[PDB]
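Student:
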RNA sequence: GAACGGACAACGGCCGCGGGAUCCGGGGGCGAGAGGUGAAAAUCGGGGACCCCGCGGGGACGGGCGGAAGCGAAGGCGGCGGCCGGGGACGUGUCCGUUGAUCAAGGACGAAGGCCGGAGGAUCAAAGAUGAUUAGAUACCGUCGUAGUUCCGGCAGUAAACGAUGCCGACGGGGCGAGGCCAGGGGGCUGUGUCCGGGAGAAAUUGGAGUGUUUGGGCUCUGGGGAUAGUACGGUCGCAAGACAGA
Ligand SMILES: [Mg+2]
Ligand SMILES: [Mg+2]
Ligand SMILES: [Mg+2]
Ligand SMILES: [Mg+2]
Ligand SMILES: [Mg+2]
Ligand SMILES: [Mg+2]
Ligand SMILES: [Mg+2]
Ligand SMILES: [Mg+2]
Ligand SMILES: [Mg+2]
Ligand SMILES: [Zn+2]
Ligand SMILES: [Zn+2]
Ligand SMILES: [Zn+2]
């Protein structure tokens, strides 16, 4: 399923769309940023995501919108962080370890 | 050795139920705190803390068998 | 008939003791039945100890001990002679010399 | 008046599809059709609406969950952290 | 086939008597960066009796040192770990006695994440066993004595504490109210994370 | 006592006896001579004779390559297999110090497990 | 495990067996508006905005304790009142417990 | 031996040979009964009543100072519980185990002890239904 | 039976931390073998093996302590911390007051191997493949290797599941031990081994396998010469293997 995310500011209402995460619910406060909390449903950069946590809709290039682990039951395990060179090695649902 | 007349030596050695008459090892007592004039009364093999109410100190704490008495307490058995 | 009162192993008030592997045969023997000989000897053998005195950098060097628990199954323990052939009344001995 | 001794909910499939396939889908058809307790209102009124979406019919609390259960093992583990 | 290899001495921090314990070697390189490629991952373990050549009863530990920097035929080598000698770690365990082991992950005052492994043996107060509640009691006492002694210190003084075995004697004093321990040793120290 | 130290890793398994000499780091190996280099029979590689000759050639190359003193780490196969150093363990150490290598801090360094994996042989064992 | 405790699982049925209470959210705001309630326990399952009004009104009225129960409506029915699940309990008076 | 084990433990309190009226207690027989009824409506069980009579007021048995048992006192004043203390202690043990198995369903050790406490519960209920202490249609809450 | 007290506990379920070893990947060194065996061969090795040092990945496993020591109803349970749960013994002027013992039927648990679905796969390893041995060798030995071994959900329901010894209960000699609780007076309860006697026994032996022709505590089960045969038929259960029962 898909998660319709409604964002309200002072200026406008943004209507965002994400693939639904197991544990999403209608009325959930989600946070989409760089270093938001690492609760289920939030979206943040992988450097601020701790290792061993299954993430989904992972971007392949930065600000791509999310490419990998997008169909049912899929998740991507964050294996490690190369904090120099700014590289995260992740485990894909096919078992492929991807930088 | 007579079975109907067991000597007082052997009775305290044997089990309380296995005596000729089942005899208690427990009793009651009086606890005397020094800062305190009243004498709180308690069981020998107590399962509850006993504290003197005014000038509050803990008198005896429960243990496996006989409750161990805490601090400076004069004790007096109660039998009559 | 029943040859040993303990039936060969030291198991009493257990149901199961985990198996260990024989150090000579790699057989699966329980830890209770297994013949265990703890040998503590020097690393350098006693014949060569005069030759290590001439060669140590250190004044008063203590040669280290070698620690190993030989654990033998029953078949190889009589074959390695870790257990000695005894009589029927000699079977009930338990003390080491 | 049980009706069936062993098949239960997969008695609708009759004799078709093989015993092991009917035995396999029985645990899932029990799972996908059952009412579950809403964790927002307390009532056993959560029913599946479509694959992946589970809604409580009492307090309209709808949530994204598993295909034929409200919770999967991978989904439970990410939420228990 | 061997004359292309040049020697390098090894250098420790000042904690011990010996500043330079030994010499490593490597082939001649054109750059300095290729020499750093060959050397700065290397590591070596030296016995404490070699780092303090006078005392021999403190020759039961061996200190592990990884090199971090080379400057002109000198390999600077920081602390990489301590471990008891195999003659010692097998000597301190006897039968008919309860062996008590504990480990603790702990950072120093500096950001050095260590994992300190301590052991102890219950002594004669015929089989000198301890109750496992008492083993849990000294193990909680082992956790606090590791955390007060190395997290209160920086690492250069912690490796002094491992050399003098202050971390072992503090267990034997503190746990003596519960258990008559003996051979309280820190069996192993690893560095798992460095501040940089 | 201006001698330079190296490490003598002496593996002594049941089939062979390596006499391996390296520097204090262990990453750079000065000389390694095994017992099978010294006899032509396969059954005599683990012998104390072949361990002597392997230690003779290893000590000679270590002295000419600037290793005067040595540290010894005796070793068996270890792991699931036999932790005991083999037959040519002592002969490799004896011939090493008897050929001009002044030893210090000899140690037993075998790979002892804290409860290993399953050992070869099967449950009934190696029936011979 | 020791058979009895003195926690909220013990005191709250004792207050309902010996004492005056009301179950339900409508009754909760009728008592808070009348100042008659001395203690409030809500399940964690209770709606947060309805829960926030109870906490606000209690902080108005003499700092009445509101306690979030570690459980749900169905686990508050695991105490003395058991005909139905319990969203919130307004304790008018607790006859024998040490709730207050 | 034990009903559901193999232990043959004998740790049991021994009553004295002679019931001794406690001269050390200062309070009357009607003062003792009022305290017991107060502790029962305070929430304590009849075993906990006699413990706190013995430890705090040094009344070793209330039969010494009253001539009635604690259940005889509660039955006299109508405060006899609906389910007896023996059965309610097994019911809280059964419910406590069963709530643990709600989140720990692999605990085959606890499901063994669940069928053991329920067997003691149904054994006790059959006796209490026999002597009219408990209604014949009584069921434990599932 | 219930409560309580201070203890005790490899009792279980789960969560988290950790340990080194085997194997693999990768880098550096070395330079000819290594492996394996009773002996060899297969195998890997200048495309740099083995060995030495670092890093990495992964699964499995808790060595030493570890014992005629603990716990559990049995199967079984051994790194550490925590949570939830359980347990017996002891102690007690706590409660209830006969609520009990044993069991057809019935129910639950039940090692290994096996089966089903899912995940995983380091070691070991049925089958299979080889190299040998041998008169032969479908085996023992070497190497490799699938199921499997591992985890989760279920099935299955068997073992030399043994103490080859049903459960409950009364009584019965000393000695030595390393259990737990209590007491403080080579003490009492309760476990647990051991040794010597008594008695028993065909004997080995044995604190019950004693208190049995001086034969009677209760309750359940089984045996009735060997073989046929734990086979067949019928039945029930199982996905199957088969199990139960049974001539
Ligand atoms: Mg068995
Ligand atoms: Mg029974
Ligand atoms: Mg009794
Ligand atoms: Mg290489
Ligand atoms: Mg199985
Ligand atoms: Mg299996
Ligand atoms: Mg499978
Ligand atoms: Mg293989
Ligand atoms: Mg048939
Ligand atoms: Zn006082
Ligand atoms: Zn063997
Ligand atoms: Zn709802």
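Protein chains in written order, with PDB author numbering: chain LA0, 51 to 149; chain SBB, 4 to 83; chain SAA, 2 to 98; chain LPP, 2 to 82; chain SB0, 24 to 148, 154 to 224; chain SO0, 8 to 135; chain LCC, 4 to 103; chain SN0, 2 to 143. Quick reminder that beta carbons are idealized off the backbone N, C-alpha and C, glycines included.
#1: When the Cα of residue 50 (chain SAA) is compared with those of 38 (chain SO0), 34 (chain SO0), 120 (chain SO0), 105 (chain SO0), which residue comes out closest?
#2: Quick one: Cα of residue 30 (chain LPP) to Cα of residue 69 (chain LPP), how far?
#3: In terms of alpha-carbon separation, which member of 35 (chain SO0), 25 (chain SO0), 132 (chain SO0), 121 (chain SO0) lies closest to residue 72 (chain SO0)?
#4: Are the beta-carbon atoms of residue 219 (chain SB0) and residue 104 (chain SB0) separated by less than 9 Å?
#5: Determine the chain LCC residues that contact residue 42 (chain SN0) at a beta-carbon separation under 7 Å, and present them in chain order.
#6: So, are the CB atoms of residue 30 (chain SO0) and residue 47 (chain SB0) less than 9 Å apart?
#7: Hey, does residue 115 (chain SO0) have any beta-carbon neighbour from chain SAA nearer than 9 Å?
#8: Using the Cβ count rule (16 or more neighbours within 10 Å means buried), how would you classify residue 57 (chain LPP)?
#9: Would you call residue 101 (chain SB0) buried or exposed, if buried means 16 or more other Cβ atoms sit within 10 Å of its Cβ?
#10: Would you mind giving the Cβ-Cβ distance between residue 65 (chain SO0) and residue 47 (chain SO0), rounded to the nearest angstrom? I have them listed as a contact below 8 Å.
#11: In the DSSP assignment, find the unbroken beta strand (DSSP E) run with residue 33 (chain SBB) in it and report its ends.
#12: Only counting the same chain, and skipping five residues up and downstream in sequence, which positions put a Cβ closer than 7 Å to that of residue 10 (chain SAA)?
#13: So the beta strand (DSSP E) residue 64 (chain SO0) belongs to, where does it begin and stop?
#14: Just the chain SN0 side, please: which residues come within less than 9 Å of residue 95 (chain LCC) by C-beta, in chain order?
#15: Would you list the residues sitting across from residue 22 (chain LPP) in a DSSP beta bridge?
#16: Are residue 48 (chain LCC) and residue 6 (chain LCC) closer than 9 Å when you measure CB to CB?
#17: Using a Cβ distance threshold of 8 Å, determine whether the segment 77-96 of chain SB0 contacts the segment 104-115 of chain SB0, with at least three qualifying pairs required.
#18: Tell me whether the beta-carbon of residue 112 (chain SN0) lies closer than 9 Å to the beta-carbon of residue 125 (chain SN0).
#19: What separation, rounded to the nearest whole angstrom, lies between the Cα atoms of residue 81 (chain SAA) and residue 208 (chain SB0)?
#20: DSSP three-state label for residue 85 (chain SB0), please.
#21: Please tell me whether residue 202 (chain SB0) and residue 169 (chain SB0) are closer than 9 Å, where the distance is taken between their beta carbons.
#22: Within the structure, which residues are defined as neighbours of ligand 3 by a Cβ-heavy atom distance below 6 Å, reported in chain order?
#23: Tell me the DSSP secondary structure of residue 105 (chain SB0) in three-state form.
#24: Assuming the contact rule is C-beta atoms closer than 8 Å, residue 179 (chain SB0) and residue 129 (chain SB0) should be a hit. Round their C-beta distance to whole Å, please.
#25: Can you tell me where the beta strand (DSSP E) holding residue 99 (chain SO0) begins and where it ends?
#26: For residue 64 (chain LPP), return the contacting residues in chain LA0, with the cut-off set at a CB-CB distance below 8 Å.
#27: Based on the DSSP secondary-structure assignment, which residues constitute the bridge partners of residue 55 (chain LPP)?
#28: Mind checking which residues open and close the alpha helix (DSSP H) that includes residue 91 (chain SO0)?
#29: Have a look at residue 72 (chain LPP) and residue 128 (chain LA0) and give me their C-alpha separation to the nearest angstrom.
#30: Does residue 61 (chain SN0) have its Cβ less than 9 Å from a Cβ in chain SBB?
#31: Are any of the Cβ atoms in chain SAA nearer than 9 Å to that of residue 120 (chain SO0)?
#32: Out of curiosity, what's the CA-to-CA distance linking residue 56 (chain SAA) and residue 108 (chain SO0)?
#33: Taking 8 Å as the cut-off, does the CB of residue 59 (chain LPP) come closer than this to any heavy atom belonging to ligand 12?
#34: Quick check: the Cα distance between residue 81 (chain SO0) and residue 135 (chain LA0), rounded to an integer number of angstroms?
#35: Output, in sequence order along the chain, the residues in the segment 60-72 of chain SAA whose CB is closer than 7 Å to any CB in chain SB0.
Tutor: Looking at the atomic coordinates:
#1: One-based indexing of the third chain puts residue 50 (chain SAA) at position 49. Selected option, being the one with the closest Cα: 105 (chain SO0).
#2: Here residue 30 (chain LPP) corresponds to residue number 29 of the fourth chain, with the count starting at 1. Here residue 69 (chain LPP) corresponds to residue number 68 of the fourth chain, with the count starting at 1. Their backbone Cα atoms lie some 8 Å apart in a straight line.
#3: As a first step, residue 72 (chain SO0) is located in the sixth chain; it is residue number 65 there, counting from the start. For the residues 35 (chain SO0), 25 (chain SO0), 132 (chain SO0), 121 (chain SO0), the minimum Cα distance to residue 72 (chain SO0) belongs to 35 (chain SO0).
#4: In the fifth chain, counting from the first residue as 1, residue 219 (chain SB0) sits at position 191. In the fifth chain, counting from the first residue as 1, residue 104 (chain SB0) sits at position 81. A contact, by the Cβ cut-off of 9 Å.
#5: Residue mapping note: residue 42 (chain SN0) aligns to position 41 of the eighth chain, counting from 1. Result: 21, 99.
#6: Position 23 of the sixth chain, counted from the first residue, corresponds to residue 30 (chain SO0). Position 24 of the fifth chain, counted from the first residue, corresponds to residue 47 (chain SB0). In this structure, residue 30 (chain SO0) sits near residue 47 (chain SB0), with a CB-CB distance shorter than 9 Å.
#7: In the sixth chain, the residue the question calls residue 115 (chain SO0) occupies position 108. Yes - at least one Cβ of chain SAA is within 9 Å of the one on residue 115 (chain SO0).
#8: Looking up residue 57 (chain LPP) in the fourth chain gives position 56. Buried, by the Cβ-count rule.
#9: The count along the fifth chain starts at 1 and reaches residue 101 (chain SB0) at position 78. Residue burial annotation: residue 101 (chain SB0) is buried, with at least 16 other C-beta atoms found within 10 angstroms of its C-beta.
#10: Within the sixth chain, the letter at position 58 stands for residue 65 (chain SO0). Within the sixth chain, the letter at position 40 stands for residue 47 (chain SO0). Not a contact, Cβ separation roughly 19 Å.
#11: Locating residue 33 (chain SBB) in the second chain gives position 30, counting from the first residue. 31-35 is the span of the beta strand (DSSP E), which, as asked, contains residue 33 (chain SBB).
#12: Within the third chain, residue 10 (chain SAA) is the residue found at index 9, counting from 1. When the five nearest sequence neighbours on each side are left out, the beta carbons in the same chain lying within less than 7 Å of the beta carbon of residue 10 (chain SAA) are those of 31, 33, 34, in order along the chain.
#13: Here residue 64 (chain SO0) is taken as the residue at index 57 of the sixth chain, counted from 1. Not the beta strand (DSSP E): residue 64 (chain SO0) falls in the alpha helix (DSSP H), residues 55-71.
#14: Translated into positions along the seventh chain, residue 95 (chain LCC) becomes position 92. Residues of chain SN0 passing the Cβ test: none, with the nearest at roughly 18 Å.
#15: Numbered from its first residue, the fourth chain carries residue 22 (chain LPP) at position 21. Paired residues: none, contrary to the question.
#16: Locating residue 48 (chain LCC) in the seventh chain gives position 45, where the first residue counts as 1. Locating residue 6 (chain LCC) in the seventh chain gives position 3, where the first residue counts as 1. No; because the gap between Cβ atoms is not below 9 Å, this pair is not in contact.
#17: Between the segment 77-96 of chain SB0 and the segment 104-115 of chain SB0, the count of C-beta pairs closer than 8 Å reaches three or more; the two stretches touch.
#18: Looking up residue 112 (chain SN0) in the eighth chain gives position 111. Looking up residue 125 (chain SN0) in the eighth chain gives position 124. No, the pair does not count as a contact, with Cβ atoms beyond the cut-off.
#19: The sequence position of residue 81 (chain SAA) within the third chain is 80, counting from 1. The sequence position of residue 208 (chain SB0) within the fifth chain is 180, counting from 1. Taking C-alpha positions only, residue 81 (chain SAA) is separated from residue 208 (chain SB0) by approximately 40 Å.
#20: The sequence position of residue 85 (chain SB0) within the fifth chain is 62, counting from 1. If DSSP states are grouped into helix, strand and coil, residue 85 (chain SB0) belongs with the strands.
#21: To locate residue 202 (chain SB0), count along the fifth chain from 1; it is residue 174. To locate residue 169 (chain SB0), count along the fifth chain from 1; it is residue 141. Cβ distance < 9 Å, so residue 202 (chain SB0) and residue 169 (chain SB0) count as in contact.
#22: Cβ-based neighbours of ligand 3 within the cut-off: 11 (chain SN0), 13 (chain SN0).
#23: What you label residue 105 (chain SB0) is simply residue 82 of the fifth chain in a count that begins at 1. In the structure shown, residue 105 (chain SB0) sits in a strand (DSSP, three-state: E or B).
#24: Within the fifth chain, the letter at position 151 stands for residue 179 (chain SB0). Within the fifth chain, the letter at position 106 stands for residue 129 (chain SB0). Contact flag correct, Cβ pair sits at about 5 Å.
#25: The count along the sixth chain starts at 1 and reaches residue 99 (chain SO0) at position 92. No beta strand (DSSP E) holds residue 99 (chain SO0); the alpha helix (DSSP H) holding it covers 96-104.
#26: As a first step, residue 64 (chain LPP) must be located in the fourth chain, where it is residue number 63. Ordered by position in chain LA0, the residues that pass the 8 Å Cβ test against residue 64 (chain LPP) are 73, 74, 75, 76.
#27: In the fourth chain, residue 55 (chain LPP) corresponds to position 54, counting from 1. Answer by DSSP bridge pairing, in chain order: 49 (chain LPP), 64 (chain LPP).
#28: In the sixth chain, counting from the first residue as 1, residue 91 (chain SO0) sits at position 84. Per DSSP, residue 91 (chain SO0) belongs to no alpha helix (DSSP H) and is neither H nor E.
#29: What you label residue 72 (chain LPP) is simply residue 71 of the fourth chain in a count that begins at 1. What you label residue 128 (chain LA0) is simply residue 78 of the first chain in a count that begins at 1. Each residue's CA atom was taken as its position, placing residue 72 (chain LPP) and residue 128 (chain LA0) some 22 Å apart.
#30: Here the question's residue 61 (chain SN0) lines up with position 60 in the eighth chain. Residue-level contact check: residue 61 (chain SN0) touches chain SBB, since one or more beta carbons of chain SBB fall below 9 Å from its beta carbon.
#31: Here residue 120 (chain SO0) is taken as the residue at index 113 of the sixth chain, counted from 1. Chain SAA contact via Cβ: absent.
#32: Here residue 56 (chain SAA) refers to the residue found at position 55 when the third chain is read from its first residue. Here residue 108 (chain SO0) refers to the residue found at position 101 when the sixth chain is read from its first residue. Between residue 56 (chain SAA) and residue 108 (chain SO0), the C-alpha separation is close to 7 Å.
#33: Here residue 59 (chain LPP) refers to the residue found at position 58 of the fourth chain. The answer is yes for residue 59 (chain LPP).
#34: As a first step, residue 81 (chain SO0) must be located in the sixth chain, where it is residue number 74. As a first step, residue 135 (chain LA0) must be located in the first chain, where it is residue number 85. So the two alpha carbons sit approximately 43 Å from each other.
#35: Close to chain SB0, meaning a Cβ-Cβ distance shorter than 7 Å, are the following residues of the segment 60-72 of chain SAA: 61, 65, 66, 68.
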